[PDB]
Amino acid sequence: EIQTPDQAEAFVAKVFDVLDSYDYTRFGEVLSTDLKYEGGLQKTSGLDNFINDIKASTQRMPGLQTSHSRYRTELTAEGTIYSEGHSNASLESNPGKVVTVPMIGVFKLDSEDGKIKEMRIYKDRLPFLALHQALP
């Protein structure tokens, strides 16, 4: 399982590689079915409701592309992952305009399979109004 901050950061990179692929069939590899997610005022319980919300947002922002990087991750004695990095988005119809904001993810893992059971993402969404006006 996850025992060091470098293992924690590698898992977070893997998690966002999956999320940013929008391959929804692979979300269950790293996210618990009972995932408790909070992203600002967006809040869901259950992996199905998480996927629905992402899908509802991909319909409102056609051509949306996202990527993530991280540079500083701590794994605490309580098992909490704090991972600071950046969130990037652009529209395929205008690939030159990229919006980037700092972001931090707070994660709790399932004690059996090591999937994310709690995921709280903090970032400022106001800059993304430069892409599309139908944000989460």
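Rigid core here is just the name for the largest C-alpha set that superposes within 1.5 Å across the two forms. So that there is no doubt, residue numbering starts at 1 and follows the sequence shown.
Asker: Core fit done; bigger CA RMS in 5 other deposited structures of this protein for 81-89 or for 55-63?
Answerer: If we average over structures and residues in 5 other deposited structures of this protein, the farther stretch is 55-63.
Asker: Would you say which of 7-15 and 124-132 moves more relative to the shown form in 5 other deposited structures of this protein, going by RMS C-alpha distance with the core superposed?
Answerer: Looking at 124-132 and 7-15 in 5 other deposited structures of this protein, the bigger mover is 124-132.
Asker: Would you tell me which stretch averages the higher CA B-factor in the PDB entry, 53-61 or 30-38?
Answerer: Taking the mean C-alpha B-factor of 53-61 and of 30-38, the larger value falls to 53-61.
Asker: Could you check which stretch, 127-135 or 1-9, carries the larger mean CA temperature factor in the entry?
Answerer: Between 127-135 and 1-9, it is 127-135.
Asker: In terms of recorded Cα temperature factor, pick the maximum from 80, 44, 100, 90.
Answerer: Comparing C-alpha B-factors across 80, 44, 100, 90, the top value belongs to 44.
Asker: Considering every modelled residue of the chain and its Cα B-factor in the PDB entry, is residue 111 in the lowest, middle or highest third?
Answerer: Highest third.
Asker: So where's residue 73 on the chain's Cα temperature factor ranking, which third?
Answerer: Ranked within chain, residue 73 CA B lands in the lowest tercile.
Asker: Report the third (lowest, middle or highest) to which the CA temperature factor of residue 22 belongs, ranking only the modelled residues of the same chain.
Answerer: It belongs to the highest third of the chain when residues are ordered by C-alpha B-factor.
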